[PDB]
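Below you'll find the structure, written out as structure tokens, and then a few comments.
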Amino acid sequence: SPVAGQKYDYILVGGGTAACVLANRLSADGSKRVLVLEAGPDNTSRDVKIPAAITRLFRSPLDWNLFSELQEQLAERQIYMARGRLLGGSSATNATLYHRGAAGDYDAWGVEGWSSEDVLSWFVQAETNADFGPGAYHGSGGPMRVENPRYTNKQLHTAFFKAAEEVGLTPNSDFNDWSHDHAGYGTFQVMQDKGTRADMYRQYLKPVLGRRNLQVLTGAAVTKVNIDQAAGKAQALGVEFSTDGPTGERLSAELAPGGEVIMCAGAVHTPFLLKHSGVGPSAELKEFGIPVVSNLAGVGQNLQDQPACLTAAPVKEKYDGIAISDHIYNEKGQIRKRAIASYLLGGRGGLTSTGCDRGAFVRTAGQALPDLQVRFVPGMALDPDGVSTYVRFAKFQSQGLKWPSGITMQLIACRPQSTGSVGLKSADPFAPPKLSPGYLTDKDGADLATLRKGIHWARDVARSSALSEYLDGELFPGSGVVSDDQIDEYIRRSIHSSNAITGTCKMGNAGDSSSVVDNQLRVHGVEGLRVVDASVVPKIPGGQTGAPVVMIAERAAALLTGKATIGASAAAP
Ligand SMILES: Cc1cc2nc3c(=O)[nH]c(=O)nc-3n(C[C@H](O)[C@H](O)[C@H](O)COP(=O)(O)OP(=O)(O)OC[C@H]3O[C@@H](n4cnc5c(N)ncnc54)[C@H](O)[C@@H]3O)c2cc1C
Ligand SMILES: CCCCCCCCCCCCCCCCCC(=O)O
Ligand SMILES: CCCCCCCCCCCCCCCCC
Numbered sequence: 077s078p079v080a081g082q083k084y085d086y087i088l089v090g091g092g093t094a095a096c097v098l099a100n101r102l103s104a105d106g107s108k109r110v111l112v113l114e115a116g117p118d119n120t121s122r123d124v125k126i127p128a129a130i131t132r133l134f135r136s137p138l139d140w141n142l143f144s145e146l147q148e149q150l151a152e153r154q155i156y157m158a159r160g161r162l163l164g165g166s167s168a169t170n171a172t173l174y175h176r177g178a179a180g181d182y183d184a185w186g187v188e189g190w191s192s193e194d195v196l197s198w199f200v201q202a203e204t205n206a207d208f209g210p211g212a213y214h215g216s217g218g219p220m221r222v223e224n225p226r227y228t229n230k231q232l233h234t235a236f237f238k239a240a241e242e243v244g245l246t247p248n249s250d251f252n253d254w255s256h257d258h259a260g261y262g263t264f265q266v267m268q269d270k271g272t273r274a275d276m277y278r279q280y281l282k283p284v285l286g287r288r289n290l291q292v293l294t295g296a297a298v299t300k301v302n303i304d305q306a307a308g309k310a311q312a313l314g315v316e317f318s319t320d321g322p323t324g325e326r327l328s329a330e331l332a333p334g335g336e337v338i339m340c341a342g343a344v345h346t347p348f349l350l351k352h353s354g355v356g357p358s359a360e361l362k363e364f365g366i367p368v369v370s371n372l373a374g375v376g377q378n379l380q381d382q383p384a385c386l387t388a389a390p391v392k393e394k395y396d397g398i399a400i401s402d403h404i405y406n407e408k409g410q411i412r413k414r415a416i417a418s419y420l421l422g423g424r425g426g427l428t429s430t431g432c433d434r435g436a437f438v439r440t441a442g443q444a445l446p447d448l449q450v451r452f453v454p455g456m457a458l459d460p461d462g463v464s465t466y467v468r469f470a471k472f473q474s475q476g477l478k479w480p481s482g483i484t485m486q487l488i489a490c491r492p493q494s495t496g497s498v499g500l501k502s503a504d505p506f507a508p509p510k511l512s513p514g515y516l517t518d519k520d521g522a523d524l525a526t527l528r529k530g531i532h533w534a535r536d537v538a539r540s541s542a543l544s545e546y547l548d549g550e551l552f553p554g555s556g557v558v559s560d561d562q563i564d565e566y567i568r569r570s571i572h573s574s575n576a577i578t579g580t581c582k583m584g585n586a587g588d589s590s591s592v593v594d595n596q597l598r599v600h601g602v603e604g605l606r607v608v609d610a611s612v613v614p615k616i617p618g619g620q621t622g623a624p625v626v627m628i629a630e631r632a633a634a635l636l637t638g639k640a641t642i643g644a645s646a647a648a649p
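As structure tokens, then:
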């Protein structure tokens with residue numbers, strides 16, 4: 077109806093992080109008709125713009141409200157896995173931390189044309205940094221805004237840094253500088269523009285919405301890719317969607333000749349939509365009567381997510397009032413005047429903060445790269461599940477109660493060995509996917525050992541004189557949790573997502589039978605169909621996954637518009 081009579085050079089499934097970048101670069105020269113289909117609404121919420129409002133976005137109408145299958149290995153629990161549902165996608169709901177990981181993460185992919193040397197210029201092209209000038213590892217004119225966080229806890233941030241030095245960890249002045257080792261303590265940069273969320277809707281899509289060759293539909297739920305098995309190969313025709321929920325008319329958007337469908341529905345929904353389109357393991361598609369168009373074992377396999385647990389500790393009575401919770405709320409749960417004024421006057425203070433933007437990468441046992449990320453928060457968790465405690469914090473407003481002053485250290489397995497999957501529970505494309513994070517399932521128990529040693533690392537730091545000054549005991553996991561078996565059980569009962577999720581449409585070399593896309597991001601066995609989102613990441617880098625997604629989308633845009641090739645090798649003689 078809004079597409080009837082139209083032919084598109086690109087149809088982007090989803091309007092999230094990658095889709096905003098592609099919509100921008102693919103529509104730039106004016107010759108190509110680009111359509112964006114996003115299930116969620118327009119990006120207008122004040123809770124998106126204010127970083128501390130991340131607390132309100134969890135479990136909100138701007139989230140998918142996805143829950144895993146029951147996890148036997150995690151005390152028989154379903155795990156909440158937050159996912160953005162609006163233009164900008166998860167970039168509009170994330171903790172804004174800016175991480176590329178280490179050079180070793182990209183070289184470990186072992187995919188021709190996607191080495192660390194290959195991807196570095198695509199990170200740099202995307203970047204404008206308020207705190208790092210141009211050089212080997214930083215750019216200065218790209219659409220992303222990156223900056224040092226504009227909130228500092230004067231007592232607790234320096235106490236965390238002094239405590240990390242007292243236990244012998246070295247500082248890392250730039251977690252994105254590949255000329256030195258990834259390990260150390262320091263400050264995480266953030267995807268913010270003077271304390272306002274700089275999501276990819278704001279940085280890439282919103283500025284170009286006036287382009288006549290660019291059509292963006294919201295409230296548009298894609299139900300499948302339309303694929304024709306005519307000539308002698310499967311050919312994408314376009315995509316089916318509803319603008320009116322499960323009961324809506326199935327509309328079809330149509331490709332112009334030479335048109336491509338680009339999957340941008342992210343590491344949960346892209347493999348889900350591919351399976352609904354006939355692209356996936358034939359046995360899974362046959363289960364729900366889906367005709368097999370491309371029998372691809374890898375679709376929805378290799379789900380990688382970075383699992384988290386935490387410690388938390390109150391400050392002494394004499395240090396009541398010094399936590400970020402005291403800077404945001406007064407003793408009655410009223411938003412502080414000073415915080416509102418500092419945010420609105422010059423984009424500073426507690427409302428600029430996502431909480432978890434100082435920390436460390438740590439090797440728990442002589443690994444080639446750090447297995448542990450630490451996120452220090454100068455406020456005290458009231459739940460061992462950090463995401464639950466952020467939801468509690470949002471609901472705390474105006475309750476007339478005092479949030480107790482303290483600290484938290486979240487421990488993340490940042491290069492996990494466990495994998496999970498995404499598949500189908502039902503034939504209905506409006507139904508939640510069958511979601512299995514796979515936390516703590518690796519054969520050697522490596523991921524559990526990382527989180528157990530992380531808790532020992534956080535306890536060592538909290539015991540150090542620098543942080544001991546402020547603290548008065550431990551709330552989580554608490555004095556009942558001491559032996560390795562007690563810690564392991566605390567972890568199983570409290571483990572939560574640090575909200576990565578990659579690898580479900582794994583990019584791979586020729587000869588890699590687990591791959592879903594080639595090094596050109598084309599889906600095996602279909603013409604005019606690509607995946608450009610976190611799905612394609614072969615092996616998850618250390619640290620949060622947003623910046624790698626934007627890099628992949630920048631490089632894919634350059635490839636599709638003929639400004640770059642991928643691979644590399646001279647022809648053999
Ligand atoms: C709570 C949270 C915290 C995070 N913290 C950080 C962090 O601090 N730093 C960071 O770098 N990364 C962070 N991440 C991860 C990062 O945000 C993601 O890896 C990245 O945004 C993924 O980009 P994407 O384009 O692959 O998918 P997304 O941005 O998730 O976009 C996919 C889009 O597809 C849409 N879609 C789904 N199904 C359909 C359908 N049927 N029809 C149409 N559209 C559909 C979705 O609604 C969504 O808008 C966080 C993630 C979350 C959720
Ligand atoms: C943890 C609780 C998060 C609280 C966040 C909401 C705080 C709102 C303060 C009052 C509104 C501030 C003025 C509106 C600013 C709009 C956002 C922006 O345009 O950058
Ligand atoms: C955005 C600032 C909110 C202040 C929160 C005060 C409590 C601190 C809790 C930290 C929770 C564990 C680690 C972070 C979880 C990230 C979702």
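Residue numbering for the sequence shown is 77 to 649, as defined by the deposited numbering.
For every residue, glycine included, the Cβ atom is placed at its ideal position computed from N, Cα and C.
* residue 413 to residue 403 span [Cα, whole Å] -> Cα-Cα distance, rounded: 10 Å.
* Asked: Residue range of the beta strand (DSSP E) that residue 450 falls in?
  -> Counting along the chain, residue 450 sits inside the beta strand (DSSP E) bounded by residues 448 to 453.
* Which of helix, strand or coil DSSP assigns to residue 490 -> Residue 490 falls in the coil class under three-state DSSP.
* To do: Pick out the complete alpha helix (DSSP H) segments inside the segment 100 to 160, 4 residues or longer, and give them in chain order.
  => 122 to 125, 130 to 133, all fully within the segment 100 to 160.
* On the three-pair Cβ rule with 8 Å, is the segment 572 to 588 touching the segment 604 to 613? -> The answer is yes - the segment 604 to 613 touches the segment 572 to 588, with three or more Cβ pairs under 8 Å.
* Return helix, strand or coil for residue 483, following the three-state DSSP convention. => Residue state, collapsed to three classes: strand.
* Hey, is the segment 617 to 628 in contact with the segment 91 to 101, meaning 3+ C-beta pairs nearer than 8 Å? -> Contact annotation: the segment 617 to 628 touches the segment 91 to 101, with at least three C-beta pairs closer than 8 Å.
* Under the DSSP definition of a beta bridge, which residues are partnered with residue 87? -> Residue 87 is bridged by DSSP to 111, 337.
* **Cutoff 8 Å; reference residue 538; Cβ partners in own chain excluding five residues on either side** => Correct list, in chain order: 239, 387, 389, 483, 485, 544, 547, 550.
* Check: residue 136 C-beta below 7 Å from any heavy atom of ligand 3 -> The answer is no for residue 136.
* Asked: Expressed to the nearest angstrom, what Euclidean distance is found between the alpha-carbon atoms of residue 298 and residue 345?
  -> Take the alpha-carbon of residue 298 and the one of residue 345: they are about 10 Å apart.
* Asked: Leaving out five residues before and five after residue 235 in sequence, what residues of the same chain have Cβ atoms less than 6 Å from its Cβ?
  -> Non-local C-beta neighbours of residue 235 in its own chain, meaning closer than 6 Å and more than five positions away in sequence, comprise 542, 543, 546, ordered along the chain.
* Residue from 192, 174, 519, 230 whose Cα sits closest to the Cα of residue 208 -> Nearest Cα to residue 208 within the set 192, 174, 519, 230: 174.
* Quick one, which of 84, 130, 161 has its alpha-carbon nearest residue 142's? -> Nearest to residue 142 by alpha-carbon distance, out of 84, 130, 161, is 161.
* Where does residue 345 fall in DSSP's three states? -> Secondary structure at residue 345: helix, using DSSP grouped into helix, strand and coil.
* To do: Pull up the distance between the alpha-carbon of residue 302 and that of residue 522, whole angstroms please.
  => Rounded to whole angstroms, residue 302 to residue 522 spans 42 Å at the Cα level.
* Tell me whether the beta-carbon of residue 305 lies closer than 8 Å to the beta-carbon of residue 368. => In this structure, residue 368 does not lie closer than 8 Å to residue 305 by Cβ.
* Contact set for residue 434: own chain, Cβ-Cβ below 7 Å, skip 5 residues either direction -> In its chain, beyond the 5 residues on either side, 233, 236, 263, 264, 452 have a beta carbon closer than 7 Å to the beta carbon of residue 434.
* **Where the alpha helix (DSSP H) through residue 42 begins and ends** => Residue numbering for the chain in the displayed model covers 77 to 649; residue 42 lies beyond these limits and cannot be assessed.
* **residue 491 versus residue 445: straight-line alpha-carbon distance, rounded** => Using only the alpha carbons, I get a separation of about 8 Å.
* Asked: Would you call residue 246 buried or exposed, if buried means 16 or more other Cβ atoms sit within 10 Å of its Cβ?
  -> Exposed is the call here.
* **Which of helix, strand or coil DSSP assigns to residue 237** => Residue 237: helix per DSSP, three-state reduction.
* Looking only at C-alpha atoms, which of 270, 187, 104, 603 sits nearest to residue 586? -> Closest option to residue 586, Cα to Cα, is 187.
* To do: Select from 159, 131, 429, 465 the residue whose C-alpha is nearest the C-alpha of residue 228.
  => Closest in alpha carbon position to residue 228, among 159, 131, 429, 465, is 429.
* **Cβ-Cβ separation, residue 510 to residue 500 (assumed contact under 8 Å), whole Å** => Between residue 500 and residue 510 a beta carbon distance of about 6 Å is seen, short of the 8 Å cut, so the two are scored as contacting.
* Rounded to the nearest angstrom, how far is the Cβ of residue 101 from that of residue 289, given a contact under 8 Å? -> That belief does not hold up - the Cβ atoms of residue 101 and residue 289 are roughly 12 Å apart, past 8 Å.
* Asked: So, using beta-carbon positions, are residue 155 and residue 149 closer together than 8 Å?
  -> No. Outside cutoff.
* What residues match up with residue 243 in a beta bridge as DSSP calls it? -> Answer is none; residue 243 lacks a bridge partner.
* Asked: For residue 396, which option in 231, 157, 617, 339 has the closest C-alpha, if you only look at C-alpha atoms?
  -> Put simply, of 231, 157, 617, 339 the residue whose alpha carbon is nearest the alpha carbon of residue 396 is 231.
* Per DSSP, the bridge partner or partners of residue 385 -> Answer is 487, bridged to residue 385.
* In this structure, does DSSP put residue 650 in helix, strand or coil? -> Only positions 77 to 649 of the chain appear in the structure, and residue 650 is not among them; the question remains open.
* Which stretch, first to last residue, makes up the beta strand (DSSP E) that contains residue 316? -> Residue 316: member of the beta strand (DSSP E) spanning 310 to 318, first to last residue.
* **Nonlocal neighbours in the same chain, by C-beta distance under 7 Å from residue 461, ignoring five residues either side** => Close CB contacts of residue 461 within its chain, under the 7 Å cut and outside five residues either way in sequence, are with 570, 572 (chain order).
* In the DSSP assignment, find the beta strand (DSSP E) that holds residue 56 and state where it starts and stops. => Beyond the ends of the chain as shown, which are 77 and 649, falls residue 56; an answer cannot be given.
* Report whether the distance from the Cβ of residue 621 to the nearest heavy atom of ligand 2 is below 7 Å. => Not under cutoff, so the answer is no.
* Asked: DSSP beta-bridge partners for residue 515?
  -> None, per the DSSP bridge assignment.
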